[PDB]
file start.cif (mmCIF, C-alpha atoms and all ligand atoms)
data_data
loop_
_atom_site.label_atom_id
_atom_site.label_comp_id
_atom_site.auth_asym_id
_atom_site.auth_seq_id
_atom_site.Cartn_x
_atom_site.Cartn_y
_atom_site.Cartn_z
CA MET A 1 -3.67 -6.59 32.02
CA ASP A 2 -3.38 -10.11 30.56
CA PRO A 3 -6.96 -11.46 31.04
CA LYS A 4 -5.64 -14.35 33.17
CA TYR A 5 -4.97 -11.89 35.99
CA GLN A 6 -8.63 -10.78 36.15
CA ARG A 7 -9.94 -10.22 39.70
CA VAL A 8 -13.33 -9.42 41.30
CA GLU A 9 -13.85 -6.87 44.09
CA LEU A 10 -14.96 -8.49 47.37
CA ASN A 11 -17.45 -6.81 49.74
CA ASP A 12 -14.53 -5.79 52.06
CA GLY A 13 -12.59 -3.99 49.28
CA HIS A 14 -10.02 -6.73 48.60
CA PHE A 15 -9.72 -8.38 45.17
CA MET A 16 -9.93 -12.07 44.34
CA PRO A 17 -8.64 -13.62 41.09
CA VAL A 18 -11.51 -15.26 39.17
CA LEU A 19 -9.60 -18.54 38.55
CA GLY A 20 -8.11 -20.47 41.46
CA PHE A 21 -5.78 -23.45 41.78
CA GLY A 22 -7.12 -26.36 43.83
CA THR A 23 -4.40 -28.11 45.88
CA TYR A 24 -6.12 -31.13 47.54
CA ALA A 25 -4.54 -34.49 46.70
CA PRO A 26 -5.51 -37.72 48.42
CA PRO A 27 -3.09 -39.01 51.11
CA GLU A 28 -1.49 -41.67 48.90
CA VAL A 29 0.06 -39.03 46.61
CA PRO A 30 3.67 -38.09 47.64
CA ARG A 31 3.62 -34.95 49.82
CA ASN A 32 6.37 -33.23 47.86
CA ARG A 33 4.23 -33.32 44.69
CA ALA A 34 2.19 -30.34 46.03
CA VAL A 35 5.37 -28.25 46.01
CA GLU A 36 6.10 -29.02 42.36
CA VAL A 37 2.58 -28.57 40.94
CA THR A 38 2.01 -25.31 42.87
CA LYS A 39 5.25 -23.92 41.41
CA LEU A 40 4.05 -25.08 37.98
CA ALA A 41 0.65 -23.43 38.51
CA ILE A 42 2.29 -20.10 39.43
CA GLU A 43 4.53 -20.33 36.32
CA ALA A 44 1.34 -20.95 34.27
CA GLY A 45 -0.17 -17.77 35.69
CA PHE A 46 -2.34 -18.96 38.59
CA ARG A 47 -2.33 -16.53 41.53
CA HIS A 48 -5.34 -17.66 43.59
CA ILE A 49 -4.36 -20.84 45.49
CA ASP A 50 -6.92 -22.80 47.56
CA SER A 51 -5.91 -25.00 50.51
CA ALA A 52 -7.00 -26.04 54.03
CA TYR A 53 -5.86 -27.65 57.29
CA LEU A 54 -7.70 -30.80 56.13
CA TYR A 55 -5.61 -31.17 52.97
CA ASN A 56 -2.42 -31.74 55.02
CA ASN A 57 -0.36 -29.78 52.49
CA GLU A 58 0.13 -26.24 53.84
CA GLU A 59 3.84 -26.76 54.51
CA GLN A 60 4.33 -27.83 50.89
CA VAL A 61 2.05 -25.18 49.29
CA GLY A 62 3.73 -22.50 51.45
CA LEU A 63 7.17 -23.70 50.34
CA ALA A 64 6.16 -23.35 46.67
CA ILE A 65 4.72 -19.84 47.22
CA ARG A 66 7.79 -18.63 49.13
CA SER A 67 10.15 -20.23 46.64
CA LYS A 68 8.40 -18.27 43.84
CA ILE A 69 8.67 -15.07 45.92
CA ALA A 70 12.38 -15.82 46.60
CA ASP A 71 12.34 -16.63 42.92
CA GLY A 72 10.14 -17.56 40.01
CA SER A 73 9.05 -14.10 40.60
CA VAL A 74 5.74 -13.22 42.04
CA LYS A 75 5.37 -10.83 44.99
CA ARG A 76 3.36 -11.77 48.09
CA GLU A 77 0.69 -9.20 47.15
CA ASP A 78 0.20 -10.90 43.73
CA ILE A 79 -0.70 -14.21 45.43
CA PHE A 80 -4.17 -14.81 46.85
CA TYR A 81 -3.91 -17.69 49.32
CA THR A 82 -7.00 -19.33 50.89
CA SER A 83 -7.02 -21.58 53.96
CA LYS A 84 -9.99 -23.04 55.84
CA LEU A 85 -10.79 -23.57 59.53
CA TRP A 86 -11.67 -27.22 60.04
CA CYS A 87 -14.79 -28.26 62.01
CA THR A 88 -12.91 -29.49 65.12
CA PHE A 89 -11.56 -25.96 65.82
CA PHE A 90 -14.92 -24.12 65.80
CA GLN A 91 -14.93 -23.40 69.53
CA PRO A 92 -14.04 -19.65 69.83
CA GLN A 93 -10.88 -20.21 71.93
CA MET A 94 -9.30 -22.48 69.28
CA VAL A 95 -10.16 -20.49 66.12
CA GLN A 96 -7.21 -18.08 66.26
CA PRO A 97 -4.63 -20.70 67.29
CA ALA A 98 -5.85 -22.84 64.36
CA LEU A 99 -5.14 -19.95 61.92
CA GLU A 100 -1.77 -19.23 63.58
CA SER A 101 -0.87 -22.93 63.31
CA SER A 102 -1.58 -22.88 59.53
CA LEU A 103 0.47 -19.69 59.18
CA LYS A 104 3.34 -21.42 61.07
CA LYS A 105 3.35 -24.32 58.54
CA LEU A 106 2.99 -21.89 55.60
CA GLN A 107 5.66 -19.56 56.98
CA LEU A 108 3.52 -16.64 55.75
CA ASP A 109 2.37 -13.65 57.84
CA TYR A 110 -1.24 -13.72 56.67
CA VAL A 111 -3.74 -15.58 54.52
CA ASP A 112 -5.76 -13.66 51.93
CA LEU A 113 -8.88 -15.64 52.81
CA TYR A 114 -9.91 -17.83 55.76
CA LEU A 115 -13.10 -19.89 55.44
CA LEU A 116 -15.29 -21.85 57.83
CA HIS A 117 -14.92 -25.20 55.97
CA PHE A 118 -18.44 -26.42 56.80
CA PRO A 119 -21.29 -25.13 58.99
CA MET A 120 -20.86 -28.23 61.21
CA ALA A 121 -18.85 -28.41 64.48
CA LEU A 122 -17.19 -31.71 65.32
CA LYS A 123 -15.55 -32.98 68.54
CA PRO A 124 -12.28 -31.12 69.35
CA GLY A 125 -9.06 -33.15 68.91
CA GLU A 126 -6.32 -34.16 66.46
CA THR A 127 -8.54 -36.48 64.37
CA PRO A 128 -10.41 -34.44 61.74
CA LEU A 129 -13.26 -36.99 61.56
CA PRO A 130 -13.46 -38.25 65.17
CA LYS A 131 -15.52 -41.44 65.53
CA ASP A 132 -17.16 -43.39 68.38
CA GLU A 133 -16.99 -47.14 69.24
CA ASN A 134 -19.42 -47.82 66.33
CA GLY A 135 -17.56 -45.67 63.76
CA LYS A 136 -20.17 -42.86 63.79
CA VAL A 137 -18.65 -39.32 63.61
CA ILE A 138 -18.92 -37.43 66.94
CA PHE A 139 -20.57 -34.00 66.68
CA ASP A 140 -20.19 -30.85 68.79
CA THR A 141 -22.50 -27.91 69.55
CA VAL A 142 -21.14 -24.41 68.97
CA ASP A 143 -22.84 -21.07 68.37
CA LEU A 144 -21.45 -20.20 64.89
CA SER A 145 -21.94 -16.51 65.70
CA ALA A 146 -19.21 -16.83 68.38
CA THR A 147 -16.94 -18.71 65.95
CA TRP A 148 -17.56 -15.89 63.45
CA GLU A 149 -16.68 -13.18 66.01
CA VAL A 150 -13.23 -14.74 66.32
CA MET A 151 -12.88 -14.83 62.51
CA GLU A 152 -13.59 -11.08 62.57
CA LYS A 153 -10.95 -10.73 65.31
CA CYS A 154 -8.47 -12.59 63.04
CA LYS A 155 -9.18 -10.11 60.21
CA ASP A 156 -8.75 -7.18 62.60
CA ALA A 157 -5.45 -8.71 63.84
CA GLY A 158 -4.18 -8.78 60.22
CA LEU A 159 -3.88 -12.58 60.13
CA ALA A 160 -6.55 -12.94 57.42
CA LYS A 161 -7.18 -10.16 54.85
CA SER A 162 -10.71 -11.43 54.17
CA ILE A 163 -13.03 -14.01 55.78
CA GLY A 164 -15.73 -16.27 54.31
CA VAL A 165 -17.61 -19.54 54.49
CA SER A 166 -17.78 -22.82 52.65
CA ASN A 167 -20.68 -25.25 52.07
CA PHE A 168 -23.27 -23.02 53.75
CA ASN A 169 -26.90 -22.97 52.77
CA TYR A 170 -28.94 -19.79 52.39
CA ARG A 171 -30.48 -19.91 55.89
CA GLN A 172 -27.02 -20.53 57.40
CA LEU A 173 -25.57 -17.53 55.54
CA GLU A 174 -28.53 -15.51 56.79
CA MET A 175 -27.73 -16.48 60.40
CA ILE A 176 -24.35 -14.70 59.92
CA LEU A 177 -25.75 -11.81 57.83
CA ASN A 178 -28.43 -11.10 60.50
CA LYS A 179 -26.09 -11.45 63.51
CA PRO A 180 -26.34 -8.55 65.95
CA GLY A 181 -23.16 -6.49 65.94
CA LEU A 182 -21.89 -8.10 62.74
CA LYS A 183 -18.66 -6.35 61.79
CA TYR A 184 -17.63 -8.19 58.60
CA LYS A 185 -19.91 -10.25 56.39
CA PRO A 186 -18.60 -13.27 54.49
CA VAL A 187 -16.80 -12.32 51.25
CA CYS A 188 -17.73 -15.66 49.75
CA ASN A 189 -19.45 -19.00 49.96
CA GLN A 190 -17.34 -21.73 48.40
CA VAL A 191 -19.70 -24.51 47.25
CA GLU A 192 -19.88 -27.44 44.84
CA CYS A 193 -20.84 -26.01 41.45
CA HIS A 194 -20.79 -27.46 37.94
CA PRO A 195 -23.28 -27.95 35.09
CA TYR A 196 -25.11 -30.82 36.90
CA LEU A 197 -25.49 -28.69 40.07
CA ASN A 198 -25.37 -25.11 38.84
CA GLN A 199 -26.50 -23.44 42.14
CA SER A 200 -28.82 -20.90 40.33
CA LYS A 201 -30.83 -20.18 43.42
CA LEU A 202 -27.94 -19.94 45.91
CA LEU A 203 -25.99 -17.89 43.30
CA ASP A 204 -28.92 -15.46 43.00
CA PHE A 205 -29.09 -15.23 46.78
CA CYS A 206 -25.34 -14.59 47.13
CA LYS A 207 -25.34 -11.91 44.42
CA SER A 208 -28.30 -10.14 46.15
CA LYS A 209 -26.22 -10.10 49.35
CA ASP A 210 -22.90 -9.09 47.69
CA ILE A 211 -21.30 -12.50 48.46
CA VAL A 212 -19.13 -14.17 45.79
CA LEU A 213 -19.97 -17.74 44.93
CA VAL A 214 -16.76 -19.74 44.52
CA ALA A 215 -17.18 -23.05 42.69
CA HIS A 216 -15.37 -26.09 44.04
CA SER A 217 -15.71 -29.45 42.30
CA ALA A 218 -16.18 -27.41 39.07
CA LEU A 219 -14.96 -30.32 36.90
CA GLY A 220 -17.11 -32.95 38.69
CA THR A 221 -14.53 -33.77 41.41
CA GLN A 222 -11.45 -35.98 41.38
CA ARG A 223 -13.75 -38.90 42.08
CA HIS A 224 -11.93 -40.23 45.12
CA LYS A 225 -13.78 -42.80 47.24
CA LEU A 226 -13.17 -40.96 50.50
CA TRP A 227 -15.63 -38.23 49.38
CA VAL A 228 -17.33 -39.34 46.14
CA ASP A 229 -19.22 -42.46 45.02
CA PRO A 230 -17.54 -43.94 41.88
CA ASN A 231 -20.94 -45.03 40.51
CA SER A 232 -21.85 -41.37 40.17
CA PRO A 233 -21.96 -39.99 36.58
CA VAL A 234 -18.72 -38.74 35.02
CA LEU A 235 -19.27 -35.02 34.29
CA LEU A 236 -16.44 -34.63 31.77
CA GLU A 237 -17.67 -37.62 29.73
CA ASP A 238 -21.05 -35.95 29.11
CA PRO A 239 -21.69 -36.02 25.32
CA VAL A 240 -23.18 -32.48 25.27
CA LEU A 241 -20.14 -31.03 27.10
CA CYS A 242 -17.91 -32.94 24.65
CA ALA A 243 -19.83 -31.63 21.59
CA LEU A 244 -19.30 -28.05 22.77
CA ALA A 245 -15.63 -28.79 23.54
CA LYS A 246 -15.22 -30.06 19.99
CA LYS A 247 -17.09 -27.12 18.39
CA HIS A 248 -14.63 -24.81 20.18
CA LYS A 249 -11.58 -27.10 19.70
CA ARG A 250 -11.06 -27.10 23.47
CA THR A 251 -11.64 -29.79 26.11
CA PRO A 252 -14.68 -30.59 28.27
CA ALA A 253 -12.86 -29.26 31.35
CA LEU A 254 -12.28 -25.89 29.67
CA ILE A 255 -15.95 -25.66 28.75
CA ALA A 256 -16.95 -26.36 32.40
CA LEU A 257 -14.56 -23.70 33.74
CA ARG A 258 -15.60 -21.09 31.13
CA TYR A 259 -19.28 -21.71 31.97
CA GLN A 260 -18.60 -20.43 35.51
CA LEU A 261 -16.54 -17.40 34.44
CA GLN A 262 -19.31 -16.18 32.11
CA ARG A 263 -22.03 -16.46 34.84
CA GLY A 264 -20.05 -14.44 37.41
CA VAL A 265 -18.83 -17.42 39.47
CA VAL A 266 -15.22 -17.57 40.70
CA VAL A 267 -13.97 -21.05 39.80
CA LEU A 268 -11.36 -23.46 41.19
CA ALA A 269 -9.57 -26.10 39.15
CA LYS A 270 -7.40 -28.82 40.62
CA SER A 271 -4.72 -30.53 38.52
CA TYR A 272 -1.51 -32.26 39.54
CA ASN A 273 -0.59 -32.84 35.87
CA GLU A 274 1.69 -30.28 34.15
CA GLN A 275 -0.11 -30.31 30.75
CA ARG A 276 -3.61 -29.92 32.28
CA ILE A 277 -2.43 -27.15 34.62
CA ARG A 278 -1.29 -25.23 31.49
CA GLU A 279 -4.51 -26.15 29.69
CA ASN A 280 -6.75 -24.86 32.48
CA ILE A 281 -5.36 -21.28 32.36
CA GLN A 282 -6.45 -21.24 28.69
CA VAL A 283 -10.02 -20.70 29.97
CA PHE A 284 -9.13 -16.99 29.37
CA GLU A 285 -8.32 -17.58 25.67
CA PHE A 286 -11.81 -18.41 24.31
CA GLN A 287 -15.47 -17.49 24.82
CA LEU A 288 -18.72 -19.45 24.96
CA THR A 289 -21.66 -18.07 23.01
CA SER A 290 -24.94 -17.16 24.69
CA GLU A 291 -26.41 -20.18 22.89
CA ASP A 292 -23.71 -22.46 24.45
CA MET A 293 -24.51 -21.10 27.92
CA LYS A 294 -28.23 -21.82 27.64
CA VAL A 295 -27.44 -25.43 26.56
CA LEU A 296 -25.05 -25.77 29.53
CA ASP A 297 -27.78 -24.37 31.86
CA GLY A 298 -29.94 -27.24 30.54
CA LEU A 299 -27.54 -29.84 31.93
CA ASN A 300 -28.62 -28.86 35.45
CA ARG A 301 -30.07 -31.83 37.32
CA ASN A 302 -29.44 -31.25 41.05
CA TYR A 303 -26.80 -33.96 41.17
CA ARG A 304 -24.43 -33.56 44.14
CA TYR A 305 -21.07 -35.41 44.32
CA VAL A 306 -19.74 -34.20 47.73
CA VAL A 307 -22.68 -35.37 49.84
CA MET A 308 -20.79 -35.91 53.14
CA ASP A 309 -23.40 -38.55 53.96
CA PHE A 310 -21.62 -39.65 57.18
CA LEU A 311 -22.55 -36.16 58.49
CA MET A 312 -26.24 -36.36 57.40
CA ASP A 313 -27.40 -36.65 61.03
CA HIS A 314 -25.59 -33.44 62.10
CA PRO A 315 -28.20 -30.80 63.11
CA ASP A 316 -26.44 -28.26 60.82
CA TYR A 317 -26.05 -30.57 57.79
CA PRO A 318 -26.32 -28.03 54.94
CA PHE A 319 -27.57 -30.02 51.92
CA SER A 320 -31.04 -31.23 52.98
CA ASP A 321 -32.51 -27.72 52.52
CA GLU A 322 -33.52 -26.91 48.94
CA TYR A 323 -30.65 -24.42 48.76
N1 LIG B 1 -14.55 -26.37 50.54
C1 LIG B 1 -14.77 -27.65 50.36
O1 LIG B 1 -15.50 -28.30 51.08
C2 LIG B 1 -14.09 -28.27 49.16
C3 LIG B 1 -14.51 -29.53 48.71
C4 LIG B 1 -13.91 -30.09 47.58
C5 LIG B 1 -12.88 -29.42 46.91
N2 LIG B 1 -12.47 -28.16 47.36
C6 LIG B 1 -11.39 -27.37 46.68
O2 LIG B 1 -11.73 -27.48 45.29
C7 LIG B 1 -10.58 -27.90 44.60
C8 LIG B 1 -11.15 -28.60 43.37
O3 LIG B 1 -11.90 -29.77 43.74
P1 LIG B 1 -11.46 -31.22 43.23
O4 LIG B 1 -9.99 -31.34 43.28
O5 LIG B 1 -12.29 -32.19 43.98
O6 LIG B 1 -11.95 -31.48 41.77
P2 LIG B 1 -12.12 -30.67 40.39
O7 LIG B 1 -11.37 -29.41 40.30
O8 LIG B 1 -13.57 -30.67 40.12
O9 LIG B 1 -11.56 -31.75 39.35
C9 LIG B 1 -10.33 -32.33 39.48
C10 LIG B 1 -10.25 -33.53 38.60
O10 LIG B 1 -10.25 -33.03 37.24
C11 LIG B 1 -9.02 -33.50 36.60
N3 LIG B 1 -8.66 -32.42 35.64
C12 LIG B 1 -8.18 -31.20 35.95
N4 LIG B 1 -8.00 -30.51 34.83
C13 LIG B 1 -8.38 -31.30 33.80
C14 LIG B 1 -8.41 -31.13 32.41
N5 LIG B 1 -8.01 -29.95 31.88
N6 LIG B 1 -8.83 -32.17 31.64
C15 LIG B 1 -9.23 -33.33 32.18
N7 LIG B 1 -9.21 -33.53 33.50
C16 LIG B 1 -8.79 -32.53 34.32
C17 LIG B 1 -8.02 -33.65 37.73
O11 LIG B 1 -7.07 -34.63 37.35
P3 LIG B 1 -5.52 -34.27 37.22
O12 LIG B 1 -5.06 -33.91 38.72
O13 LIG B 1 -4.82 -35.66 36.88
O14 LIG B 1 -5.22 -33.21 36.25
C18 LIG B 1 -8.88 -34.18 38.86
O15 LIG B 1 -9.00 -35.62 38.79
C19 LIG B 1 -9.89 -28.80 45.63
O16 LIG B 1 -8.53 -29.00 45.30
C20 LIG B 1 -9.97 -27.89 46.83
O17 LIG B 1 -9.03 -26.81 46.64
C21 LIG B 1 -13.09 -27.59 48.49
#

call {"tool": "encode", "arguments": {"input": "start.cif", "output": "structure tokens", "more": "lines below"}}
Ligand SMILES: NC(=O)c1ccc[n+]([C@@H]2O[C@H](COP(=O)([O-])OP(=O)(O)OC[C@H]3O[C@@H](n4cnc5c(N)ncnc54)[C@H](OP(=O)(O)O)[C@@H]3O)[C@@H](O)[C@H]2O)c1
result
Amino acid sequence: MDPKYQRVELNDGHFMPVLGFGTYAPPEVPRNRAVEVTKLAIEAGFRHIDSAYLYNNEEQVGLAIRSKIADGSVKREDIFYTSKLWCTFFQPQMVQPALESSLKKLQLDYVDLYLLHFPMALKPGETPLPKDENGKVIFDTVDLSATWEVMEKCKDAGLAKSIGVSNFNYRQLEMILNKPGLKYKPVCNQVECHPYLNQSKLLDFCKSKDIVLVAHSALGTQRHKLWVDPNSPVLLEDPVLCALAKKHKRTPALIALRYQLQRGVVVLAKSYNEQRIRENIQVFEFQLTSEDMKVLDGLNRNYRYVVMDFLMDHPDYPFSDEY
């Protein structure tokens, strides 16, 4: 009943909180930090928690969740936990073991959401980005419809409450939506989304197909060189974002998060700082005017931060299509 607990109904009948906590930290950050900041996020009132095999943190995020069930009280049903199937486990016979492996590290019985992390299959193995003798990433060929059938099987087995996708384009989503014998459609498409890349067209598509758009990188990314060019423009330093922040006596980050809430986008926010974690949940304590939203819509410039350019030659690279 406190606005911060607001949820949206998914196309499978389950409910997803509209604000999520992003948990990815680059490898240099101490592993035990994820435990502390996830506990802090739950204390702040975050209930939707986003992770993945790739983030190498599920043991730590699971510990924080279970500790807060044991006590800083939440109940399991109050938490909405997302994991993601990484590209090297897209072959049908390794989809379910990949989920069960994540659940073993988490020490939870189910995930609330399990996503295909990208539409791109990579060579099976222990290295997430497997490379050849020239340092080019090695690709794999998989029918994504067969991968999706095993995701459906995981939902039927009770191991994932809901299933979805991440970083899919409209034609790729359509390949799943128009699959013969489809049992469960994606609940969501988690994509990069912020005022410089507002995803109008993909958002319209998703809404027309009863798929939730979930915004990652909603504050312009953490700007880490593994994934993001440091010469790229700094979203939160934008003088128009800052002028609206000041008008509202908030911060640029809060403006960027509120933008998404008011357009019907579910939004993630990563912070490993206690004060900013507590600040971010204040997105529910103010409103942008319709005039503010039209100005924010005018910041759109089709600028993508997470380009994954070392995967540009993959047949199923998602970002070369218009949307
Ligand atoms: N599916 C995918 O392919 C994919 C890709 C990228 C990300 N994600 C998910 O999306 C989550 C969010 O992405 P992200 O971590 O790249 O970036 P983000 O949420 O766009 O932004 C995080 C950056 O904003 C800073 N920040 C947070 N709150 C702030 C505030 N109130 N004021 C000023 N700065 C603030 C953070 O620093 P501090 O930590 O110091 O507070 C961090 O450097 C990830 O954790 C992950 O869960 C998914």

call {"tool": "residues_near_ligand", "arguments": {"input": "start.cif", "ligand": "ligand LIG 1 (chain B)", "cutoff": "6 Å", "atoms": "only C-alpha atoms and all ligand atoms", "output": "NGL selection string"}}
result
:A and (22-24 or 50-51 or 117 or 166 or 190 or 216-222 or 253 or 268-273 or 276 or 279-280)

call {"tool": "closest_residue", "arguments": {"input": "start.cif", "among": "A:285, A:156, A:238, A:204", "to": "residue 264 in chain A", "atoms": "all atoms listed in the file"}}
result
A:204

call {"tool": "residues_near_point", "arguments": {"input": "start.cif", "point": "(-10.3, -17.9, 55.5)", "cutoff": "10 Å", "atoms": "only C-alpha atoms", "output": "MDAnalysis selection string"}}
result
chainID A and resid 50:52 81:85 99 111:117 151 154:155 159:166 186:188

call {"tool": "atom_distance", "arguments": {"input": "start.cif", "atom1": "CA of residue 110 in chain A", "atom2": "CA of residue 36 in chain A"}}
result
22.2 Å

call {"tool": "closest_residue", "arguments": {"input": "start.cif", "among": "A:1, A:267, A:129, A:197", "to": "residue 213 in chain A", "atoms": "only C-alpha atoms"}}
result
A:267

call {"tool": "closest_residue", "arguments": {"input": "start.cif", "among": "A:257, A:74, A:120, A:40", "to": "residue 287 in chain A", "atoms": "only C-alpha atoms"}}
result
A:257

call {"tool": "residues_around", "arguments": {"input": "start.cif", "residues": "range 131-143 of chain A", "least_positions_apart": "2", "cutoff": "8 Å", "atoms": "all atoms listed in the file", "output": "ChimeraX atom specification"}}
result
/A:90-91,120-124,129,145-147,310-311,314

call {"tool": "residues_near_point", "arguments": {"input": "start.cif", "point": "(-0.1, -26.7, 63.9)", "cutoff": "12 Å", "atoms": "all atoms listed in the file", "output": "PyMOL selection string"}}
result
chain A and resi 53-54+56-59+85+89+94+96-107+126

call {"tool": "closest_residue", "arguments": {"input": "start.cif", "among": "A:241, A:8, A:307, A:283", "to": "residue 319 in chain A", "atoms": "only C-alpha atoms"}}
result
A:307

call {"tool": "residues_around", "arguments": {"input": "start.cif", "residues": "residue 69 in chain A", "least_positions_apart": "4", "cutoff": "12 Å", "atoms": "only C-alpha atoms", "output": "count of residues only"}}
result
16

call {"tool": "closest_residue", "arguments": {"input": "start.cif", "among": "A:195, A:306, A:300, A:17", "to": "residue 252 in chain A", "atoms": "all atoms listed in the file"}}
result
A:195

call {"tool": "atom_distance", "arguments": {"input": "start.cif", "atom1": "CA of residue 44 in chain A", "atom2": "CA of residue 281 in chain A"}}
result
7.0 Å

call {"tool": "residues_around", "arguments": {"input": "start.cif", "residues": "residue 41 in chain A", "least_positions_apart": "3", "cutoff": "8 Å", "atoms": "all atoms listed in the file", "output": "PyMOL selection string"}}
result
chain A and resi 21+37-38+44-46+277-278

call {"tool": "atom_distance", "arguments": {"input": "start.cif", "atom1": "CA of residue 293 in chain A", "atom2": "CA of residue 231 in chain A"}}
result
27.3 Å
